[PDB]
Amino acid sequence: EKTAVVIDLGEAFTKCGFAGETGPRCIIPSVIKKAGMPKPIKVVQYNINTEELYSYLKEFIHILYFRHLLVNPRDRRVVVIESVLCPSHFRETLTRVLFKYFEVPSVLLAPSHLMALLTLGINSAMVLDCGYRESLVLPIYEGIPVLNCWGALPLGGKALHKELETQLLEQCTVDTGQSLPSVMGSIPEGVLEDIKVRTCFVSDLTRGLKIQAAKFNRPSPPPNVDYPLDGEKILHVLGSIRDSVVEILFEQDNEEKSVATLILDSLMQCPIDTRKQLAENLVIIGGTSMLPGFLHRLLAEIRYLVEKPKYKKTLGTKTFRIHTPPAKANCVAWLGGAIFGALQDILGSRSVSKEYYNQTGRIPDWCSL
Amino acid sequence: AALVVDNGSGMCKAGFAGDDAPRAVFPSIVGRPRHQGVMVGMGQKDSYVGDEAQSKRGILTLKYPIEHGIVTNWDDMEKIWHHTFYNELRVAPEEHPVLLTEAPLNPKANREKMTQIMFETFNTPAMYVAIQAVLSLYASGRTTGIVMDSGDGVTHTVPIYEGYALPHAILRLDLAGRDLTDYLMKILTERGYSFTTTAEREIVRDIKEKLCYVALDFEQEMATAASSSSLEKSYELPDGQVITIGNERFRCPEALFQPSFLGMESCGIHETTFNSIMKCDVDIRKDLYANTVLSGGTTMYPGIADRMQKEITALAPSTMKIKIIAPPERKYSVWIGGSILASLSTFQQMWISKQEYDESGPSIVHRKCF
Amino acid sequence: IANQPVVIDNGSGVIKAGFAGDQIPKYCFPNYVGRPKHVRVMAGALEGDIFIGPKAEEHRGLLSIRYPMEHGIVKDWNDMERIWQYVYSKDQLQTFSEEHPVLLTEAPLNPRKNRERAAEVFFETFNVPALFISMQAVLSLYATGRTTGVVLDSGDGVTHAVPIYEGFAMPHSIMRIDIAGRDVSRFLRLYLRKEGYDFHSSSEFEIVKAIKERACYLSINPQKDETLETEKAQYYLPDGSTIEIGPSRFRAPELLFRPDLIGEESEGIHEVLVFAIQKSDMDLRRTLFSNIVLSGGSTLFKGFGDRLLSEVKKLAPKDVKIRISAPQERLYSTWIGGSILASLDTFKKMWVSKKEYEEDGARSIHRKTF
Ligand SMILES: Nc1ncnc2c1ncn2[C@@H]1O[C@H](COP(=O)(O)OP(=O)(O)OP(=O)(O)O)[C@@H](O)[C@H]1O
Ligand SMILES: Nc1ncnc2c1ncn2[C@@H]1O[C@H](COP(=O)(O)OP(=O)(O)O)[C@@H](O)[C@H]1O
Ligand SMILES: Nc1ncnc2c1ncn2[C@@H]1O[C@H](COP(=O)(O)OP(=O)(O)O)[C@@H](O)[C@H]1O
């Protein structure tokens, strides 16, 4: 036979992979930066035209597998991986590129959550999905996704950068190159994100309480962890601002919004034949949330919100576990789909062909078949 | 030599002749899971059944395949059958004659269809189907006795005399604990508890059997309960919820004595049984007081024997000495009686072979099954 | 005192009130919870943001709205305290609890604790001299003038069918499933979730409600209409969000008649409906099939009555035609029935005197609850 394609829907990254590939292959930022491009073109560009994006997709895929491995994908199948909430018109436009332009043998939609389950291959599990812009707790009991148990916090990595630029735009505690306090307006997002991503260690809960105390009417924020700068302007200021981001990450201040909040929501839709199972199933996943030392703040907030009076009746006294990931950073769904597409020659029949797409041109989601 | 298979809309059992414990014991309910529209991988069985469905009860919805004898689908019933055979014994049906049961009020076309498919699908050498009550008194040790069946969805009073009996004398009301499960679930819903799926039914039937004791007069019991709420016992479910009920417990089986709880335009179990006794001989009725035999799986509740005793005690004269036969194993006793029935060679000379339907058709079902 | 008594009405989505003689409830106040979105940085503000009508239309910054009675299932009461308190405040009717007797209704299938808490408020905190609690469909019947008829209606989050002849109804024959418009709003936003739009809080929920009751209809052939093609008209928000919808603009019967296709466990209005009708007297059932009181404050879409007719045709004993009843607006009929109710001799034999409440309370509440 041959290998296959393994690509997921990532606002920041859409890696490619083969069938049963053991080990990562190549990660590239989802935006498309071309010749004479002042600012690269993203992927999450909805209610935008289809021909320009169509073209971008064509040449980007073109050079993508070129500089990946220069393979001829008109020979092997594709494993499409989803990320819900995206308009199907967009997804089908991708399909339009694939089949009506490149004519690959067959393609096949798939859920990222499935591959995450495939990392352990068990039947029932919680979903600790933490994507790039939103999160999702849509458990997979018996290897089956739990429909109404959904929710998403539009405050992911991109919004985290927005928070960073907000905080640092408020105070330029760096020097000239004498301090240049908010002199210019544009920011080096790559540098900002380098500082951010290269310094993401989560702090203690007590430290977050100190931040809360600093909100209204402070105990030693340094030794502060934040990564060097450039542009002849480097500094050593409070890196505790990232912990402030961790605090605003979970807001109960007349908002009551957190990850545990969605777990509670799931619990509300959960029936008794799901509760203890999920208490066992303390699935530990999440894409952009690669947060170092987040177990502390995380677990503490979990076992901090268990004590909520309106939720002890719902919870009782439920203990949890740590369903450790054998995979890596975000390779979870990537390699999950890789090995998942390995011997799925059987499911190659389930992989939508261009043949049927000629006379069809449509793939149905929850619609009238 | 044989193939003993006790049946039931819930409890379906199996084994062979001479065996004392039923090899097959499982809920004969059909589980149908939440087949949704989005994609999924690695699959599952189309519809798990009973224990198979109970294993994954969170999606599987064990709806009833039978309804007081009204089998919904024969196909699903056969799926239950086939898998149960190739689940418990894994033996082919051509080995020995089968043994199954049924009860009256059933249109003859059902038992005909039943046996018809039993020869179709299975091609057994011979076969046989009977009445549970026969095995009940048969395992009891009498040829003269009145019993009553209280299964999951059945109720029937059978008076026997030296083996002889009368269909006019044998009365029947196919109503049982399932109705009580509905009543109990809705009243606990009134108490403030959510109940939507079939798992709700399972948990409530569970605790239902765990708490349906039998007191005497709900007026004074209710007065004591409202007085002292100590009887209102607590119980914590698999989920953190812990309910407290005291009346509910024993007052749920009071509907058996009173259709008023459901408004059924019917009579109490005691007076119904009394009328069954009334359709007899003045001498043999006395023997019914002597042969006060009790059966039914939904009669595993303590206190009702004394209740029913007191009922008829108020009904019948003092000279009518009550002698209640109360076996606490009546549930499995039918299967056991089937094994004992499968042990008497003469009965095993009497059969329902292939050629009978092949030539005779299904009329021999009417004159041979019983 | 012989003043005009206060007639408070209810509602999971739209709650009303009035007096015995009002022909119009002066306020079409919805059932919700005004709150802050964030911790107000400065103390001494609009405490809890208890906003009503224009006060709710005043600002939107720290303003998170909720429901204090989810789908009829009320959980907390502090919101209710402030809501009722606002009504008691001299901006609604400018009267007192003591100045006028109070009439009120209650939704069925509820624990007694709700009644307990409410009466505790009305007599402890506020002081009603004579109160009452009734149903809703009865009042709608009085508004329609019928005293018989298969009553049917559906609120904002509660649906219920009650078979009635001269007011008589069997509790067994009475059916009710509490799921309506609120979840339809939840699914409208879920449709747009698939379409990728703004999803952060209750503001969008309000928007979607305006869509649901404004930029939404119901078709008749979802398979055909799904396979058809439109250009999907848009709307303009305060931002002017020109957003297209399509099938999702009318994908509601897959929640009304087919909610199970959302991997859910339900039946369908018509099913439960017909079942409840089937619980009655077959011939009286047939007669009442010609007079089926149809209502519903959320069932405000064209063509859906035809879809119901299709369900009827699939379920009625064919050639016994039952055409479409198309009552467009269904809200104040209950309020009207309550006004007519308290306006008659009714409340004189049907009040709840504060004195009797002081003597017994829940005892009196339930001894006079029927
Ligand atoms: N151990 C028990 N204690 C109390 N009640 C029981 C027990 N076992 C069964 N029951 C009652 O019996 C019913 C379950 O069905 P049962 O055990 O009578 O077999 P069955 O399937 O009814 O047999 P058939 O259908 O042929 O009568 C339920 O209504 C349940 O309340
Ligand atoms: N130690 C870390 N802590 C938190 N986040 C990290 C860490 N290391 C990398 N990341 C972030 O995880 C992100 C993965 O994003 P991803 O979920 O792949 O976005 P998308 O799904 O849109 O492709 C990377 O953008 C990276 O910035
Ligand atoms: N045009 C419409 N389409 C769908 N639903 C509507 C429409 N108009 C009102 N509704 C919903 O129906 C409800 C009215 O039903 P009603 O019987 O008044 O219940 P409630 O008293 O709980 O509001 C309103 O609360 C509203 O949310």
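Residues numbered from 1 in each chain as written, not as in the entry; some residues may be left out. Chains lettered and ligands numbered in written order. Part of a larger assembly, values for the part shown. Heavy atoms only, no water. Residues with missing side-chain atoms left out of burial classes, pairs and counts.

## Quick notes on the overall build of chain A
- Along the backbone of chain A there are 13 helices and eight strands.
- A principal-axis box enclosing the C-alpha atoms of chain A has dimensions of 70 × 60 × 35 Å. (Helix = DSSP H or I, 4+ residues; strand = E, 2+ residues; numbered from the N terminus.)

## Looking at the overall build of chain B
- The helix and strand tally for chain B stands at 15 helices and 14 strands.
- Relative to the 2.2 N^0.38 estimate, which gives 21 Å for 370 residues, the radius of gyration of chain B is 22 Å and therefore close to what a compact globule would have.
- For chain B, the C-alpha atoms occupy an extent of roughly 70 × 70 × 35 Å along the three principal directions.
- Counting contacts in chain B only where the partners sit at least 6 residues apart, residues at least 24 apart contribute 57% of the total. (Rg over C-alpha atoms; globule rule 2.2 N^0.38 Å. Contact = heavy atoms within 4.5 Å.)

## Some points on the pairing of strand β8 (residues 145-150) of chain B
- Bridging between β8 of chain B and strand β9 (residues 155-160) of chain B involves six bridges; their strand directions are antiparallel. Looking at β9 of chain B, one finds that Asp149 of chain B is bridged to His156 of chain B. (Pairing = 2+ DSSP bridges.)

## Comments concerning the interface of chain C and chain A
- Between chain C and chain A, the contact holds 11 residues from the first and eight residues from the second.
- Going through the elements one at a time, α4 (181-194) and α6 (222-227) of chain C are the ones with two or more residues in the side of chain C that touches chain A.
- Looking at which element gives the most residues to the side of chain C that touches chain A, the answer is α6 of chain C, with three residues.
- Residues of the side of chain C that touches chain A, tallied by class, amount to three nonpolar, three polar and five charged. (Nonpolar A, V, L, I, M, F, W, Y, C, P; charged D, E, K, R; others polar.)

## Details of the packing of helix α4 (residues 132-140) of chain B against helix α13 (residues 330-341) of chain B
Residue and element names in this part refer to chain B.
- In the contact formed by α4 and α13, the axes pass within 8 Å of each other and the chain directions differ by 80°. The orientation of α4 relative to α13 falls into the category roughly perpendicular. Counted together, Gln132, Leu135 and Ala139 of α4 and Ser333, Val334, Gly337 and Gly338 of α13 form the full contact between these two elements.
- Split by residue class, the contact of α4 with α13 holds three nonpolar, four polar and no charged. (Axes fitted to C-alpha atoms, helices over the stretch in contact; angles between N-to-C directions. Parallel < 35°, antiparallel > 145°, perpendicular 65-115°, else oblique.)

## Some points on the packing of helix α3 (residues 137-144) of chain C against helix α11 (residues 333-342) of chain C
Residue and element names in this part refer to chain C.
- Between α3 and α11, the least distance of the axes is 7 Å, while the angle of their chain directions is 80°. By the angle class used here, α3 and α11 are roughly perpendicular. Contacts from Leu139, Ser140, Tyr142 and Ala143 in α3 reach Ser333, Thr334, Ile336, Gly337 and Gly338 in α11.
- Taken together, the residues of the contact of α3 with α11 sort by class into four nonpolar, five polar and no charged.

## A look at the domain arrangement of chain B
Residue and element names in this part refer to chain B.
- Domains assigned within chain B are domain 1 (1-132 + 334-370), domain 2 (133-174 + 268-333) and domain 3 (175-266).
- Averaged C-alpha coordinates put domain 2 and domain 3 at centres separated by 26 Å.
- Tallying the contact residues gives 13 residues for domain 2 and nine residues for domain 3.
- A breakdown of the residues in the side of domain 2 that touches domain 3 according to their chemical character gives six nonpolar, five polar and two charged. (Domains from an automatic or database assignment.)

## Looking at the sheet that holds strand β7 (residues 127-131) of chain B
Residue and element names in this part refer to chain B.
- Pairing is parallel in the open sheet, where three strands are placed in the order β1-β6-β7. The sheet is open, and its two borders are formed by β1 (3-4) and β7, each paired with just one other strand.
- Looking at chain direction, β1 and strand β6 (residues 98-102) are connected through two bridges and run parallel. Its bridge partner being in β6, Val4 is matched across the sheet by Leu99.
- In the packing of α4 onto the sheet, the strands contacted are β6 and β7, and the crossing angle to β7 comes to about 80°.

## So, unusual backbone geometry
Residue and element names in this part refer to chain A.
- In the segment running from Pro222 into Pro223, the intervening peptide bond is cis, with an omega of 0°.
- Secondary-structure assignment places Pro223 in the loop between α6 (205-215) and α7 (241-249).
- The backbone of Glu232 sits at a positive phi, close to 60°, despite the residue not being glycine.
- Considering the arrangement of structural elements, one finds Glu232 in the loop between α6 and α7.

## Some details on the sheet that holds strand β9 (residues 352-353) of chain C
Residues and elements named next belong to chain C.
- Strand order in the open sheet made by the four strands is β1-β4-β5-β9, with mixed pairing throughout. If you trace the sheet from one side to the other, it starts and ends with β1 (6-7) and β9, each paired once.
- Summarising the sheet, strand β5 (residues 130-134) and β9 pair through two bridges and their orientation is antiparallel. Bridge assignment links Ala130 to a residue of β9, and that residue is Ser353.

## Things to note about helix α5 (residues 177-190) of chain B
- Taking 1.5 Å per residue as the helical rise, α5 of chain B with its 14 residues ought to reach 20 Å, and the 20 Å between its terminal C-alpha atoms agrees with that figure.
- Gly192 of chain B sits one or two residues past α5 of chain B and shows a positive phi near 105°. (Expected span 1.5 Å × (residues − 1).)

## Brief notes about the environment of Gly177 of chain B
- Among the secondary structure elements, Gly177 of chain B is positioned in helix α5.
- If we ignore the near neighbours within four places in the chain, the residues touching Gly177 of chain B are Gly151 and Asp152 of chain B.

## Quick look at the pairing of strand β12 (residues 242-245) of chain B
All names here are of chain B.
- Note: strand β11 (residues 233-236) against β12, four bridges, orientation antiparallel. Each residue of the ladder has a partner; that of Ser234, found in β12, is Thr244.
- Between β11 and β12, which pair antiparallel one after the other, the connecting turn spans five residues.

## Considerations on the environment of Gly297 of chain B
All names here are of chain B.
- Mapped onto the elements, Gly297 comes out in the loop between β13 (292-293) and α12 (304-315).
- For the pair formed by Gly297 and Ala176, sequence separation is 121 residues and the distance between their alpha carbons is 9.7 Å.
- With near-sequence residues (within four places) excluded, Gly297 lies in contact with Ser150, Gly151 and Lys331.

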